[PDB]
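Residue numbers (full-length UniProt numbering), protein chains in the order written: chain A, 2 to 74, 88 to 202; chain B, 2 to 74, 88 to 202. From the three backbone atoms N, C-alpha and C, an ideal C-beta is built for every residue, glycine too. All remarks here apply to the structure that follows.
Number of protein chains: 2
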Amino acid sequence: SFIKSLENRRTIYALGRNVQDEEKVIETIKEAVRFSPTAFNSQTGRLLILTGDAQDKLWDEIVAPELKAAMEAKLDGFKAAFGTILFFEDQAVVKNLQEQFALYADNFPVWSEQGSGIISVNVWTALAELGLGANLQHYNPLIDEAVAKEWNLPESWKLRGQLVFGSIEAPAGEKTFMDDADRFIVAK
Amino acid sequence: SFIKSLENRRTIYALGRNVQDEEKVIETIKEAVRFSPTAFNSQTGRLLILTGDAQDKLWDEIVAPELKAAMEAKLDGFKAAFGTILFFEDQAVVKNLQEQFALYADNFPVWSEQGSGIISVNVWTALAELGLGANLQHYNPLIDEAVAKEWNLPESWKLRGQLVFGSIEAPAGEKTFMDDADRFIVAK
Ligand SMILES: Cc1cc2nc3c(=O)[nH]c(=O)nc-3n(C[C@H](O)[C@H](O)[C@H](O)COP(=O)(O)O)c2cc1C
Ligand SMILES: Cc1cc2nc3c(=O)[nH]c(=O)nc-3n(C[C@H](O)[C@H](O)[C@H](O)COP(=O)(O)O)c2cc1C
Ligand SMILES: O=[N+]([O-])c1ccc(O)cc1
Ligand SMILES: O=[N+]([O-])c1ccc(O)cc1
Numbered sequence: 002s003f004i005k006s007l008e009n010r011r012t013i014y015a016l017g018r019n020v021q022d023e024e025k026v027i028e029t030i031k032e033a034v035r036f037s038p039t040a041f042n043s044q045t046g047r048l049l050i051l052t053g054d055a056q057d058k059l060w061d062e063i064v065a066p067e068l069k070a071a072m073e074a088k089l090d091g092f093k094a095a096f097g098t099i100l101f102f103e104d105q106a107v108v109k110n111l112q113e114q115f116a117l118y119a120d121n122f123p124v125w126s127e128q129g130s131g132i133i134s135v136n137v138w139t140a141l142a143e144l145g146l147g148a149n150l151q152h153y154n155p156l157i158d159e160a161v162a163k164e165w166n167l168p169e170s171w172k173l174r175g176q177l178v179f180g181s182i183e184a185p186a187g188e189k190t191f192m193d194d195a196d197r198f199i200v201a202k
Numbered sequence: 002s003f004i005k006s007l008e009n010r011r012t013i014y015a016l017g018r019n020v021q022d023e024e025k026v027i028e029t030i031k032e033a034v035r036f037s038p039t040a041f042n043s044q045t046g047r048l049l050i051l052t053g054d055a056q057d058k059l060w061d062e063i064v065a066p067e068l069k070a071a072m073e074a088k089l090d091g092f093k094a095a096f097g098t099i100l101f102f103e104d105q106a107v108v109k110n111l112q113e114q115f116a117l118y119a120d121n122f123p124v125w126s127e128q129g130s131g132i133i134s135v136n137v138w139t140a141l142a143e144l145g146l147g148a149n150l151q152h153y154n155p156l157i158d159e160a161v162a163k164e165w166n167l168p169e170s171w172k173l174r175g176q177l178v179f180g181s182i183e184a185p186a187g188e189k190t191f192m193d194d195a196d197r198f199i200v201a202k
């Protein structure tokens, strides 16, 4: 059931590294992105998938100093996770679409952002089906350059979000929902 | 399989009205939105679901004249569908979040757009699981006011997309995919 899959996906902050099959996890991440729709089939999403030492480096050597340097002028729960999936949008593709179809120039950035949300939650949900939890963070644009430098990423990759994932060590908290009447109108 | 569900969702342009259980369709649309994540659980998405006479009115009395009036200075494939789901984002909620958390003021519009993509494709995919096809159009902002007037929608609902849906009358066309090596980087 697809609806059940959606419902199974939740924000999980308590994450560990009790992950049985890392290759399957990577395969599933790629498939979730692969089968996600994008305007003009532009496929503007780009991923950096960090685990092990790279996961440690991101949070200890990049995020923490950047935050501390920023503040002045506990992230250990994130580091404890199995990995982080950093989602970017390729601005070179966006810009070329704007040039090729000048009529829709304003739309491509919008559709690109929508596309980021799309692939982020599809991956999030696919991981949840594997029994893994995740949470979505936004330390961009603060960590952008350090991440690009560390992993030699093209300048055209615009960081949009970081999905931290791993074994579920504590359940999701409570969540409320709007009144249906306030967000759905059905007309015959 | 969630991955299979993703793969089953495709753009279908040839749509009909051979829909067996309209109530189940409506239920599924609501559930897909309900169980979609949004920043701060803000639930900014709003839907207008048109079928029957309303579906006819949208395309004959709103979209076509607006387009023709615009051009001067065939949509029948869309009208032939069973319905249209118009996705909006509530700007009143966005603006209140900007006020309540001024630090993240710039992020909420971005996260709202991402949220629109998210609920759009979750609905799209849930409909596909029911055996229904759909396609996603963008005649906003051209039809915005006419739609708001016709169905008495709040001014704060910002139209983002229109998902046309119905029975599949012809299969999806061919689609290509990027090289994995050009969009996924895995680091240990
Ligand atoms: C576009 C988007 C941005 C989000 N930003 C953050 C964030 O920066 N930090 C965080 O901890 N959670 C973030 N969230 C998680 C939401 O708060 C969470 O999904 C929502 O409260 C619903 O809870 P659930 O994910 O358990 O279903 C974000 C979710 C979405 C869809
Ligand atoms: C954010 C977004 C905007 C899109 N805009 C349009 C559009 O305006 N008109 C249209 O016919 N298809 C539109 N598409 C459909 C894409 O072209 C289509 O999803 C992509 O080519 C992949 O094909 P598929 O949907 O069969 O998987 C849009 C898709 C997304 C995700
Ligand atoms: O014709 N159009 O306006 C389109 C067609 C496809 C698409 O992905 C976006 C816009
Ligand atoms: O603390 N934060 O920065 C947050 C927390 C939750 C959220 O949905 C967005 C931002």
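- Interface flag for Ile199 (chain A) against chain B is set, since a Cβ pair is found closer than 8 Å.
- Under the Cβ distance rule, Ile63 (chain B) does not count among the residues neighbouring chain A, no pair being separated by less than 8 Å.
- Residues of the same chain with a CB within less than 7 Å of the CB of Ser126 (chain B), apart from the 5 flanking positions on each side, are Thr45, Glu103, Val108 in chain order.
- If you draw a straight line from the Cα of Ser2 (chain B) to the Cα of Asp57 (chain A), it is about 32 Å long.
- DSSP, read as helix, strand or coil, puts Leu156 (chain A) in coil.
- Excluding five sequence positions before and after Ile13 (chain A), the CB atoms of its chain that fall closer than 7 Å to its own CB belong to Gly147, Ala148, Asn149, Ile182, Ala186, given in chain order.
- Look at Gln21 (chain B): its C-beta is not under 8 Å from any C-beta on chain A.
- Among the CB atoms of chain A, none fall inside 8 Å of the CB of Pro155 (chain B).
- Around the Cβ of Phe96 (chain A), a 10 Å sphere holds 16 or more other Cβ atoms; the residue is buried.
- Going by DSSP, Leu49 (chain A) is part of the beta strand (DSSP E) stretching over 46–52.
- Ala160 (chain B) is a Cβ neighbour of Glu67 (chain B), given a cutoff of 8 Å.
- Counting only Cβ-Cβ distances below 8 Å, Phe36 (chain B) has contacts in chain A at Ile4, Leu7, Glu8, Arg10, in chain order.
- Residue contact with chain A for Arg47 (chain B): present (Cβ-Cβ distance below 8 Å to some residue of chain A).
- At a cut-off of 8 Å between C-beta atoms, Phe96 (chain B) does not count as an interface residue with respect to chain A.
- By the Cβ test, the segment 31–50 of chain B is in contact with the segment 153–171 of chain B, since at least three Cβ pairs between them sit closer than 8 Å.
- What you get when you keep residues with a C-beta closer than 6 Å to any heavy atom of ligand 4 is B:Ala40, B:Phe41.
- Straight through space, the alpha carbons of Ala142 (chain B) and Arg11 (chain B) are spaced by roughly 8 Å.
- Restricting attention to A:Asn110, A:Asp158, A:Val34, A:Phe179, the CA atom closest to the CA of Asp194 (chain B) is found in A:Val34.
- Every alpha helix (DSSP H) of 4 residues or more that sits fully in the segment 155–193 of chain A is shown, in chain order, as 158–164.
- Under the DSSP assignment, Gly147 (chain B) falls in the beta strand (DSSP E) whose first and last residues are 146–151.
- Of B:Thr39, B:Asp22, B:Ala201, the smallest CA-CA separation from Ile132 (chain B) is found for B:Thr39.
- Annotation: the continuous beta strand (DSSP E) that includes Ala201 (chain B) extends over 198–201.
- Annotation for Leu51 (chain A): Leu59, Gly97, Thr98 place their beta carbon closer than 6 Å to its own, counting only its chain and skipping 5 residues before and after.
- Comparing alpha-carbon positions, the option among A:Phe36, A:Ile30, A:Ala74 lying closest to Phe191 (chain B) turns out to be A:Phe36.
- In this structure, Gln112 (chain A) has its beta carbon at no less than 7 Å from each heavy atom of ligand 2.
- Annotation: Cβ neighbours of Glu143 (chain A) in chain B (cutoff 7 Å, chain order): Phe3.
- Bridge partners of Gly17 (chain B) according to DSSP: B:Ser181.
- Here the alpha carbon of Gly53 (chain B) sits roughly 49 Å from the alpha carbon of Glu23 (chain A).
- Nearest neighbour of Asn42 (chain B) by Cα position, chosen from B:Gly129, B:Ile30, B:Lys202, turns out to be B:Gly129.
- Under the 8 Å criterion on CB atoms, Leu173 (chain A) is classed as non-interfacial with respect to chain B.
- In the displayed model, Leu117 (chain B) falls within a helix according to three-state DSSP.
- For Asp61 (chain B), the three-state secondary structure derived from DSSP is helix.
- Within the same chain, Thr139, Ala142, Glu143 come within 8 Å of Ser6 (chain A) by CB-CB distance, once the 5 residues on both sides are set aside.
- Taking a beta-carbon distance threshold of 8 Å, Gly131 (chain A) counts as an interface residue toward chain B.
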